[PDB]
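Report on one structure; see the data block that follows.
Letters A, B, C, D, E, F, G, H, I and J mark the chains as written, and numbering starts fresh at 1 in each.
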Amino acid sequence: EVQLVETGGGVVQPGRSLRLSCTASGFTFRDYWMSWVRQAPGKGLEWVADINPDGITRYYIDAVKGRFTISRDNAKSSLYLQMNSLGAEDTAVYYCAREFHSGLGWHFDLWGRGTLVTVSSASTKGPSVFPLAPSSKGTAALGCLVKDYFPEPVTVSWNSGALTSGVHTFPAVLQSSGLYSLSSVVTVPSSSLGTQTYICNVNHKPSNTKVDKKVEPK
Amino acid sequence: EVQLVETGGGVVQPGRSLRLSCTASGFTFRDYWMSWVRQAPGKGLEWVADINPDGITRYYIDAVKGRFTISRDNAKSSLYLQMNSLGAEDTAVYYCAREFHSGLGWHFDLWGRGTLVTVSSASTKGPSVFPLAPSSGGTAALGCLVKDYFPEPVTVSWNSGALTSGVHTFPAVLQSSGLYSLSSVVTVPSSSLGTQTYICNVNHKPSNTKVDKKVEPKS
Amino acid sequence: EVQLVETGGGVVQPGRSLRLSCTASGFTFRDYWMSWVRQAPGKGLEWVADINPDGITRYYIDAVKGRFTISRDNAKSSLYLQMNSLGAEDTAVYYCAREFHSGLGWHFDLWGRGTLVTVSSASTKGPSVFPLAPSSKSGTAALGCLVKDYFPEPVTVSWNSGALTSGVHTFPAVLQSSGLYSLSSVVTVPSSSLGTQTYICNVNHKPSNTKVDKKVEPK
Amino acid sequence: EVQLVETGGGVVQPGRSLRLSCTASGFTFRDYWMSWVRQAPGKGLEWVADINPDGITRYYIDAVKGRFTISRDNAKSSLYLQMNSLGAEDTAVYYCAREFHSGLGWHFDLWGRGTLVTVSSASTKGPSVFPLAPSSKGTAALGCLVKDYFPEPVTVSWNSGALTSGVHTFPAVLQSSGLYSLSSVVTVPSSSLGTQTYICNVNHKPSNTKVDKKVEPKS
Amino acid sequence: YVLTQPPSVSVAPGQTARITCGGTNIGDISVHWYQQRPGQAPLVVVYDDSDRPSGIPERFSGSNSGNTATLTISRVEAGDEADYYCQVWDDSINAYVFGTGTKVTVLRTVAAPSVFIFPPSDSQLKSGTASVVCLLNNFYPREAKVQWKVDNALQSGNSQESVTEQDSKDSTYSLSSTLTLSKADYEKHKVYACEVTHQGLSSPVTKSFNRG
Amino acid sequence: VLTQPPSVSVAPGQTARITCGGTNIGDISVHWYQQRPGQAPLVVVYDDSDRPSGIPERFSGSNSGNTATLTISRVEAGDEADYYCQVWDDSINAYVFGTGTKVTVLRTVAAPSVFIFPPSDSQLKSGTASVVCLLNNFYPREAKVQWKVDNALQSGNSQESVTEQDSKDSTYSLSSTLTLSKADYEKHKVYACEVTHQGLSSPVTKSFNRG
Amino acid sequence: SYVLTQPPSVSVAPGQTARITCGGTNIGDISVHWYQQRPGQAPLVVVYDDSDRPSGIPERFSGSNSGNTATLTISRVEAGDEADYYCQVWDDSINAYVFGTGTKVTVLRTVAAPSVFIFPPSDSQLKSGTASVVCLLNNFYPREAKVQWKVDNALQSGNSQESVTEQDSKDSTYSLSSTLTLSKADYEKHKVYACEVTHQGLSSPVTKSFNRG
Amino acid sequence: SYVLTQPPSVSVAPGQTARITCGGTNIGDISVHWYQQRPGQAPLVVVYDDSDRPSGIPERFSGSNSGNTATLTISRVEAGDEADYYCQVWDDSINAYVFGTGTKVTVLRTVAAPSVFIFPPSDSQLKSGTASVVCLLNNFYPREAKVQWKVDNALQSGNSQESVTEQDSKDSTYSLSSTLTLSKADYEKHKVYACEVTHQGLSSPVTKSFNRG
Amino acid sequence: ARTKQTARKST
Amino acid sequence: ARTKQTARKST
């Protein structure tokens, strides 16, 4: 199957280095121009660099001049991005993208899922999970506060996947502490409160932290 | 004159209840099967329920079964729909309809205008009415802007129904606010400006808003 | 419905005779004084003659004394004007009119449409009808019918059997150098209706028993 | 000379009636059995009815039983077909045909050119003519699209008959719209194009519509 | 008896019109008034000096004194455009007497005409006569200039005009001008144009056709 | 389930055919309704091919195999509507409607009349300015209106509404509404809508000056 | 109602002999007649009473009737012989004239490749809101052809009509039009319009196409 | 570096047509491409080379480019079209791919009022020395709202964060969390905590509140 | 019965 | 000078 798989992402301290790899499969890799495109959280698309099939012609944006170096191993069907002297402006999801040309113009016709690069001095920390308890007052709302974790991402499920209707898991906000925080809410019948058990399942892979949390009234 | 009139439509909150009435006149009401037929905005006709003449047999679609209850009072020549546990899927114009048997098949030979049932958590808001004033060749345009209302519908007439030719009452559009807005316009002879009076009659029943606005060129 | 209807008008040669008839309906005819009032084209009203309810008393202006004779048939609710020795001074629209006494003064409270009496040596000539077609030369278009070379007056013109009245201008007849009348009737309509709506002018010239229904098309 | 000439064909709405006539010339009409034979467009021959010389013995196919009546007027050397309750299965060219017998069998030894009968609710409409433009990128092909007309037939010529070689005028197809459509093409030297002028002449008699259309390379 | 009325009375909309009936000691007898619209029968609007029939608006009032009866129409609108006749009945000679009549004309804003031109029909050409018609639609005031140009040549002596009465709703006038040529002369020339000059137009409007 | 085509387009004076699809629907009776915009359905054909009183002969029906057909001959603007087929199922005691078919009439090209309306002083004294461009009675429906305020294109600050096809002349009408604050409206001075339509030789602009 | 079965087609090389059969149960017991019908013309009897020949009819036409088959034989075929041929009997049981389904005489000749042309919709047609795209196959043999529409490389179905001329009197070839009919809207949803022709006269399928140039 | 200007937002009712603008000086001279990006997803090309459509992309997406504006048109907008859309060019002067800032497509629907819930800090969180107070606004429309924190009637400022979900795929509504963040100390020297919601769906502002204890 | 008999054209 | 020249992808 035709796909691109970025890897090598994660947390890097300011001033330090990171190398990304992209593995292509399902197509003839040596025939194409290949690009890296990035996207800062909640922001737009920014092309970073690209390299010609033979690996001798390369272009960069000014923001990464002298810091980033792109290369390729055609035998390994692989693309690389060497990132030096990283700063917060480099924090982004990095995408591997294939270039297409057909006598008119150039666009990207294939993307990987991307790898997240976090430039921060924050230490990896699991979230503390607190219950948003149902009020004693139809529809009831309850939820879980997922607090002070680093880095992204974190997943939340309810009742191990059994409960999905009316579930809202909010996007995390970055706090001044440098830590992330979010809430996951759900609306349920006010009658189910005494009967039905509600458990939020919080998973934070960068710290290997799973938390199951029973949310009940009072 | 043979006719059916639906009443009781309006705004209703999800999970709450609503009672529709149809008043028949001009025919032997107690002799006919009566139906409720509904139409979601922009969508097609969906038969809902019906009731036999003496009010003993009732049929319902599976989606309203348990929630809806059709009844009639033949002494009053009236048909009823009791709608409980309303959801957004019940938002529609509701028609009262008389059933006819030719000896072959069954079809509807009499309808009402219908009444709109809107299932929303939102508050009712009346519209503000503003003149679209004529300018300064041979034909002129003027109108009324009917802005920021919920829910539908809004009726607009011109000079109490005396002016119908050249009139365009535009279908309501949803603004970013989630409130409706429409314009009603009419093209008139330019020579009639200043000599003929033009009044847009705006009525928004859910808010009991009624406005008669005279439209004249700006000076 | 209370009304008076005059008949018997038309062309009459000088020195010849003519009998007018008013047919009354909707009231107790035998109870009222009835008058004939005439109006020369472009001129003012002139009372001619009246007759008491019994039919016994009659009055006349000096200029018709001996020539004209007013009578009535109360069983028929009908009024008559027998006009002998007609001259050009008798050419006029003739009105049937009911007299009213308020206890103070006397005035006319009911009139007919009137019928035109033309005293001419000339022969009756019916009109020819030609379309005034609009072009696709591109909000408002004009079209009409030309009603040419007729005698005597009048000619009636309607549009779409009376369904179209707005924007219509039926011009007053002009005397052409030939001594024959001609007029145009025109109407302004939306240009977008030019190929979709049908426009027919209905021309009627009774003295020649001419009747023309003409479809006006964009050439 | 010896001939049969059918008349009375044309367009008839479903359910309606049509009467065909056939006029015989150049032979003793009263000595012969006479037939009507029909052919639906693109289909085979179907005998319809015949009548004996005296006009008293008649045969029909079952498909026209009770709907069609054949008759003759020997003094006028004429044959008739009265066609009632027409349907689409009746759309065809209708032929007048003389019958021959010589002690062995019966066959048709004389035919008219036939008259076309179209059973359709479609309105008479002239064709719209569009150019099939010569490719800019020897032998070049160009032509005319003759689109959306009713009914059949339509003739196409090129340069008023001066161009006939290499010309292919395609048979019409009946579209779902109920209208007809065809193309006329011609192959010419690529060398020309810039020099020689090419005009298709499209003529549609049922609508009295002639169209001349200049076909060009274009930009 | 002789009853003199002014021929014309001009009044702005919303204002008051006064129509007089002059007679020697007319004040000693009863005066009645009729409204007559174009092509219509008279309709009594005031009788016995100052009484109104049912259905007649209060805007109509009457007064009679000395040698002058007066019909008064307040808040005048286009529907009031008509001829008004005063009337008395002479018991001495058993005869009705009408006044000379007064046309009420309503002022309104300036309205530029819409202009339209009509070529003669083929049915008319087939008869050997050609009529070309220029239409001036719904204008004010009444004064307008229409000139015909046949192949840019001006025209004289060969056209007639007709004007409508004041319109009972918008108070405008309409005008038709008809150019009558022979089939001969018409078939020669190519350009036909009416040029309209009206106060409502900045510069003259020309409407024109050719032959195809 | 009864399947109808969403749309049928037909030239004036020609014939419209509307189909109702169903497995062996020819074995049962089909009825047809005409529904004009803002109106209740009106039966035009029932029991396959019967016409109620007052329904023109131009309406006819047929039903066979898996297809019922409503046929409208000599179509005119008055025929513009949604048409619904209908059966009654005695098995389950239930009415079943088709999905509906809109009939569109193909008339000649008509260029729109264009009009522009300034916000009223009444609306300004509330902190909002609505500017309205009116496109009147045009065909076909495709049109482009463009807002220019002191020149420069506008984006994301206007809405369009378009009428159903006119029941007499088969045209469409469109309104475009530019919505600004009193703040921004008071800044600028020139407001203009530019209209591009096939019936226009070149784009038409209507404009006004603020005050 | 008595049944006559005719072959839909009979192929014959010029100068050779064509045989058209009319089949029926004991059709030898009854009389059979034959008609020639040319495009746009009225039928003309060429053989009647099983085997008799009308005056003015060339000797090349002859008939025979025996057992369960009557045969129209056409010797030394010329170009004017390309036509439809109908057998005919009188059914004396249900009392009707009966015709066979008809047989078309086709002239055999060598394979000939089509010249292929593609025509984009004119601008004037686009004003009307419809776009007809036309593919012309000119002067080819045999008649059987495969014309496939590809809009942006998508094989089209249900939206094209074919029309074919009769065999040419001089070269015995055919010409074919295939017309792809879209609304103007559907037309401008795409960019590549290709006519693909597959024929016995071509080594590989031929494609003519346009964009919006 | 060449500049592409996109509107940040485009609103459209279901079934209607969305138009997304990409503005550049003489952008008609260069090629423009369009990408759709759904939440949590990699971008996907929907239109390339001004007007061409990739395979697998619905016909509803079409493109055009002229003068100073390229336009992505989405017709009969349905479920799944709610996304971010990016225009893209290649700047051949400074040699870089350039993207527009992006346009979010919002589905228009009727005003819907939020159900409002307030959550006091759990006891376990107070053990850690911080108190997070949460106000929930559930399933409302439009997105614009005013959530005000009142602590003992004192309007708070600078100490709350808002977070809002994407438009719901089924009912097109939003949900919003507002979180008031205090030290446990600051929390226990106050008594009344209230979130006040001002929304178009409400006739009058709604307040949910609690007392410590 | 109202059935067709042969037209007796052939024997 | 070490200036950027066009990548010559388009003209």
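Criterion: a contact is a pair of C-beta atoms (placed from the backbone, for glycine too) under 8 Å apart; a residue touches a chain by one contact, two chains touch by 3 or more.
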| item | value |
| --- | --- |
| Common touching chains of subunit J and subunit G | H |
| Selected interface, H-J versus B-F, where C-beta contact pairs are more numerous | B-F |
| Length of the line joining the C-alpha centres of subunit A and subunit B, rounded to whole Å | 50 |
| Distance between the centres, which are taken as Cα means, of subunit D and subunit A, whole angstrom | 74 |
| Geometric centre distance via CA averages, subunit F-subunit D, whole Å | 40 |
| Multi-partner residues of subunit G (at least 2 other chains) | 30-31, 90, 95 |
| Touching two or more other chains - residues of subunit B | 138-139, 173, 175, 187, 189 |
| Interface hub residues of subunit J, defined as touching at least two other chains | 7, 9-10 |
| Subunit A residues touching subunit H - in the complex, by the definition given at the top | 35, 37, 44-47, 50, 59, 61, 95, 100, 102, 104-109, 111-114, 128, 130-133, 135, 139, 141, 143, 145, 147, 168, 170-173, 175, 181-183, 185, 187 |
| Residues of subunit B touching subunit C in the complex | 138-139, 165-166, 187, 189 |
| Touching residues on subunit B, where the partner in the complex is subunit E | 137-138, 189-192, 194-196 |
| Subunit D partner contacts - residues on subunit G that touch it in the complex | 30-33, 35, 37, 42-45, 48-50, 54, 86, 88, 90, 95-102, 115, 117-122, 124-125, 128, 130, 132, 134, 136, 138, 161, 163-165, 175, 177, 179 |
| Parts of subunit H lying in touch with subunit G, wherever the complex brings them together | 51-53, 59, 62 |
